[PDB]
Amino acid sequence: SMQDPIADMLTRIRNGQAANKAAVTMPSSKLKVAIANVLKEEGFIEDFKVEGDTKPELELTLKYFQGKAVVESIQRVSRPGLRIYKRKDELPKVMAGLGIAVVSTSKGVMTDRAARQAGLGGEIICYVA
Amino acid sequence: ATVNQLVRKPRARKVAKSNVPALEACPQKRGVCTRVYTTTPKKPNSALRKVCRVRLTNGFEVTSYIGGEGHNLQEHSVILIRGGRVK
RNA sequence: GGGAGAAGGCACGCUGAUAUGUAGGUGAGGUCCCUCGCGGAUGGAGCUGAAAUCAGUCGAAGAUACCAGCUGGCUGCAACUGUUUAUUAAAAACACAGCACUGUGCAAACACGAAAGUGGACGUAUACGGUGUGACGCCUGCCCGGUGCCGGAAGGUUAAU
RNA sequence: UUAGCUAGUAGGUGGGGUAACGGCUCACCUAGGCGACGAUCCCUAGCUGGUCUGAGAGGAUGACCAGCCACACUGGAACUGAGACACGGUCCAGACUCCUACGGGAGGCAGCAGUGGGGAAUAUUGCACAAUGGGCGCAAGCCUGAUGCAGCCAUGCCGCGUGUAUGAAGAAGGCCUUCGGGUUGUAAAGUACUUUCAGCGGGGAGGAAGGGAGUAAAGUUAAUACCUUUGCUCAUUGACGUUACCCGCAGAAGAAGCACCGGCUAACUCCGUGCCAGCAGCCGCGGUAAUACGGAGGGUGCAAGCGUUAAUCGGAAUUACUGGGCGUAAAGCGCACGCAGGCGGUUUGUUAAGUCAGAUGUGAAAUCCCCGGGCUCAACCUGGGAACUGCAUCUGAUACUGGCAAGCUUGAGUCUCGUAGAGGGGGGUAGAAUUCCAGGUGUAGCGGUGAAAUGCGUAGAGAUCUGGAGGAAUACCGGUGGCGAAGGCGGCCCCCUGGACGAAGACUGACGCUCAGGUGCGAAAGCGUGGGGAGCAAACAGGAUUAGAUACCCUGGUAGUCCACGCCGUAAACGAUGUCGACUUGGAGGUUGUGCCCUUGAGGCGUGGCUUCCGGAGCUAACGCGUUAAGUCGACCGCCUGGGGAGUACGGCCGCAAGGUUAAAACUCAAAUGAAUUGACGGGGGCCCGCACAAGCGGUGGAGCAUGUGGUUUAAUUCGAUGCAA
RNA sequence: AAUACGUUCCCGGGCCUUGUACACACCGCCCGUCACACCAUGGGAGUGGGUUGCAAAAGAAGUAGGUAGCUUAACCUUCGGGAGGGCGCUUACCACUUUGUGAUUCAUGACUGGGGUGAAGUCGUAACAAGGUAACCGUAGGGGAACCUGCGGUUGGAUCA
RNA sequence: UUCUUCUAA
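Residues numbered from 1 in each chain as written, not as in the entry; some residues may be left out. Chains lettered and ligands numbered in written order. Part of a larger assembly, values for the part shown. Heavy atoms only, no water.

cryo-EM is the method the PDB entry states for this structure, with the resolution given as 3.9 Å.

K.L.:
Hey, could you run me through the packing of aromatic side chains in this one?
P.N.:
Across all of its chains, the model carries zero aromatic pairs over all chains by this definition. The aromatic ring of A:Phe48 is capped on one face by A:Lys40, whose charged end is 4.2 Å from the ring centroid. Looking at B:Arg35, its charged tip hangs above the ring of B:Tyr37, at a distance of 3.5 Å from the centre. (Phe/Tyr/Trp six-rings, centres within 6.5 Å; stacked < 30°, edge-to-face > 60°. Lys NZ or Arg CZ within 6 Å of the ring centre and 35° of its normal.)

K.L.:
Looking at this structure, I do not really get the sheet that holds strand β2 (residues 45-51) of chain A. What am I missing?
P.N.:
All names here are of chain A. Taken in spatial order, the three strands of this open sheet run β1-β3-β2, and their pairing is antiparallel. What marks the edges here is a single partner per strand, and that holds for β1 (25-27) and β2. Put simply, the sheet's adjacent strands are angled 20 degrees from each other on average, direction ignored. Relative to strand β3 (residues 57-62), β1 runs antiparallel, the two being bridged by three bridges. Note that in β3 the partner of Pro27 across the bridge is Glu57. The sheet contacts of helix α2 (residues 30-42) involve β1, β2 and β3, and relative to β2 the element is tilted by about 155 degrees. (Pairing = 2+ DSSP bridges. Helix = DSSP H or I, 4+ residues; strand = E, 2+ residues; numbered from the N terminus. Axes fitted to C-alpha atoms, helices over the stretch in contact; angles between N-to-C directions. Contact = heavy atoms within 4.5 Å.)

K.L.:
Would you take a moment to explain the environment of A:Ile35 for this structure?
P.N.:
Residue and element names in this part refer to chain A. Relative to the assigned elements, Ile35 resides in helix α2. Along the backbone, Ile35 and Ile6 are 29 residues apart, and their C-alpha atoms lie at a distance of 9.3 Å. Apart from the residues within four sequence positions on either side, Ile35 is in contact with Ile6 and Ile125.

Below is the structure:
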C-alpha cells in the first residue's frame, strides 16, 4: 500500500493547487520537513507548520499568485521503483533553470544551482516548476 | 512496460525480411530463360504483360517482368535481373 | 505395465601376488555372569570359503566338450492363458472376462421325471434361467410394411355345449 | 516448440608431470560439480580500437589501419630450438596431381604476379632496394614480390576545364498560336579579347640525407701500430624520371552529358496512341481530346558523371531507457491463493555497502573533436590540445537507499459485545402444479394453427370429481435487494461451518504490498461408472410450410436435464476497465450499522459500511468516466505491435475422449479499424396528405376496324422516342 | 349522375424519431458450398542426402614404458668387462578406417488436408433495419452449402393507453 | 401465415 510518503506529498501538493485549497496537511517525516524547508526558501509555498507529538503532521500553506497557482509543475524523478543518482555535472535545469530541481546530497537537501556551487552531486528527488 | 518486466524481457525489435530474396543481397543476378509468355494483370488494369519464367544461378525458378515495348527474348537465354515488384 | 534377453557390444583359461585363504561363513579352548542350563555374554584357535584387481603364462581358439534363443521390418485375423475334430484339420473354430436383451416374487422361472420327487438352491431380483455379442478405445444411423413377440377388448368370426 | 547436465566429473590425499601453479597426470578416498542470473543442446560468428547512421539515446557494422586470435592440401603426431607443434621443416594416413625402365618416386599460391573455375563484380607471369626497415657480417656487403613506383577501373573523395566580353536583324530554323504573335533567344551568327589545361618545344627543385672511401688531430697503449672519437677532401648514391616547378607555341581551339516535369516534389505544352501499346517509389494513369503511355518542343534537377538495383540507419515515438498503450481502435490472465521475486511506515544510533566528492593508475597509436601548421588551395598530411564517456586503487562525505541494532504505532493483526444476509455443506419437511394410475359422473369430440394437419377420441376421451403414485422446482414475498474473490447462491426447519461490518476498548510491534513459476476454485454443455427419470428437450419421427425446407410452426420423442463420485477446465467467465495505497467539486437515492437531541409521531443533529443514478473540475479520438475515476499519483504483475493466414499448422504438455494448452511460418492485401457527422434506407416508431385505398360509376383486356410500337419481311421498309415520365 | 363510413391495409409524398456494416446510396451491401483457374502450405506408403550422438572394432606414424635378442668411437677397466646407446621386441596412447543402432535436418513423394485469390458460373440468402426466426459467445448434435437446433451466458438488440 | 435475387467502369 504505502510505497512512498514523498510521492504522497507531492501529489497532495499537486491536487491541492487545482482544488484551490489554502492548507494541505499530512503526517510529517524528517525527510518531508527537509524538503518543505526548501520550497518556502525557494518561494513555492508560503508556510509550513510542523505539529504533532505522538505523530508529527506537516501542514502547508499554498502560494497563489494573481488568483491562480504558483506551482506550475511538480514531479518525481527518483521513484521508489527506480532511483536516480546524478553527479554534479549532470544536474538538470528545470524549465531552463527557471524552475528548480530538489537534490539530496551528503550535504543535506538543497537545490541544484546551490549544489553546482557546492560542486557535488547526489540523488535527485523531484522537479518543481 | 514496467522496468522489471523490461529487465526480465528486453524489447524485441521486429525483424524485417527482404521482399526480393532470390538475389540474396546482390545487385544483379544472372539467369536462364525457361518460359516466355504474357500474363493478364489484376482488376484495375487490362493488358498483356510480357514476362519470362527464369531459372537463376542458385537454381531458383522465378518470374521477372520484361520492361519496355517489344523484345527479342528466347527461351534458353542469358538475362540479368535487378528487382522491383510489379504491382 | 511393457515392447526388451530389443537390437548391439565387451569380459571369460591357467599360474602367482594382493591375501602362502582375502570378503565371508562357522566356531572351539579361554574369561565372566548364571535363576547354573538341552545357559548367557565375551572370546577367537580351527575348519570352510566367494568375488575382484594386478602381474605372468599356453594355444588357431579359455561360456573350448556336453549343454544351451537366429534376429529384423510391414500387414491379415483373433484381444490374451485356454478348449477341439482319440486315429489325415489346432485354427480366424469354441470358450472367455465384458456388453446387451429377455424371463423369473420362491412351492420361482426352468430341467429331469406318467407320478411322487429332485436339481434350481439350503440361493431370493447386486438372484437365477435363456439368447446374442465377445476385452479395450471410439462408437453403434434409418425402416414395425412383412414375420414373430407384447399389450388392448369394442365389434366380426367361432368349439364342445 | 533446447531443462536437466556431469564419473576425472567435483573435491581431497598421495605419487607423477611441466619453465611455472593446478585431474596437469595417476592412484586412492569423498560424492560431489553444474543449472531457471539459461546449465545443456542447436543455429550463426574471428574479437576490439573503430566504422555508418542518429539531435541524442541508440541502432547496425568490423573491407581498408591497428591490437589480439586462429589457420596453412586434409587428418594426425612429435622433433628441433630460448622461442614451433613450424605457409614456404620433417614423419605417418588420406585425397588429388605428376614422373617412372612400373621396382618406385615427387608435389602443396589463403607469399607476389598470373591461369582456370565460380561469379553481378574486383587490376600487371609490370619495373626498381634509391629511401625506409628487416636478416646475417667487424665492415664492405648480400638478400627481401617486406618497401618504394608504374599500369589498370568516373571505385571513391576532392581541385580543374571544356572560354570571356559584346552582339536584336530579337536572324534563320524549330516549336507553338487567339495566326496577332510567342518561344527557342544574347542564345547562336558576327565583333573584340583571352590561351588555364591537354598537346608541343625548351628549362629545371626536393625526395640523397646518410653512409662511403682517401685525410687530419685527439683518445688508447711501448706505440706517433691498430682501433676509437672529432674535424677535411675525393667521389657519390634515384627506381620513380621526360619529376615538382619555369618559358615558348598556337587557336576558341581538342574537350558535356544523364535523369526528370500527374500529386507526393523543383519544373507543360503539342502530336501520336485508344484498358491497346504501356507506365508505375506510393496514390494510381491508358476503355479516341493522356500535362502520368510514345514522340517533339520547352523547362527543372545535377554534373564528368547521371540514373536503377542491392545494402544500413534515419524519418519510425512503428518495441516508445530517453520516448508508447491495454472500457469499445491489437491488448488486464475467469478469479483466488502463494514461493522465489521486486517493493517497502515511522524514529534513534551504528555501519559506509550503494551513492557523491577528491586523488593516483590505466583507458596504445590511429581515428573523431578543438586550436595550429604544411602541401598554389581543397582532398590529404601533420603539431598541440581536449576527449577516450570506463575500470582499479586511495582519501573523504553522510542526506537518501541499503547493513546492524534498538524504539514508536498510524499500517498490519488479535482479544470483547453485537449486527445483517438466496455465504457454505449435511439431513429432514411442507404446499401448489404437472404427469401417471384407479374409480364415479357423463358425451362426442379433443387437441393444436394464420389456416390446418399429424395426433387423441364411442374400445367413453376431453371435461368433471375422488383416491393413489412419482420426479422436479420451490408462487406471493422480491426489491436499478442480499451474500460470496468470482464462477454464483432463492420454501421452511434442524446440525455443522465461513465471511463481512460496527461499537467501545485492550494488545501486538511494520508483522506490508504485489507475485513468474506453482496451487486451488471455476457457468452451461460434454465424459466416466453407478442411480433416478414428472416436466422439458438436441438428435430423430410425423404433420404442415414453401420453388425447395435436412429450418422457423405443430404433434411426438431419446440422450440430456436430477443424484452419488470422478474427468474435462472452456463461457460476451463483461463493469469488454488486474491487484493495494493516497489526494481531489457535488447532488439525489438504496441497504446496513452506530451516537446525540425530549422518540415531544413514522423527528432532528450526527458518525460508519456497502451500493444506484446524476453530474463539476479534470481526462478522453470522441463516446464517455467522473471520490467505487476512464482525475491526480504511488508499487508490482499480465498483455498489446497492420489485416487475412491464425490462436491455425508442427512439436511439447494435459485429458478416457472431446479437446485444452503452448504457438508459428509461407503466401496475400493497402487496407482493417474505432468513435462521431450528413444523407439514404428499415418486412422500425409517431404525425399528415393525395380518385392512394375504401365508397362509387363507367371502361380497357373478348369482338371488328382505326392508329402507333415491336417483330418479321423487303431493293428499301429513312431517323429518333422505348418503365412510371416511349 | 352515383358515392365518399372512413385512413386498417395498398401506392406515393412530407415531418419528427430511431436503427444502420448503406453512401453511383435496400434495384444497397453482403455469405458459403460447389465448377474453373492461380498461389504457397499441412499431411503422407515412402525415397535420397547432410550433420551428429551412442556402443564397440580399429592401431599407421609418433612418443613413452618394458625388453628375451642382436649390437656397441669418447667413459670405467683385470682388458676380460662396467654402464649407456643402437636395432628389434612388446606395452601405452592415438590417426585412418569399420560395425551397428539412434537423433536431427534438407530434399523428394503416389495421394490427401485446408488456406488465400478471381472484372463472367451454379446453388441457396445466413449477417447488416425487429435483415424479415434479434444478434453473438461457449458446448453438444444434425445437415450440399452458407447454417440449423439444444443448454447456459452476454447486449456489443427493437418494441411499450 | 407466406414471400427470393440485381453481373462486370
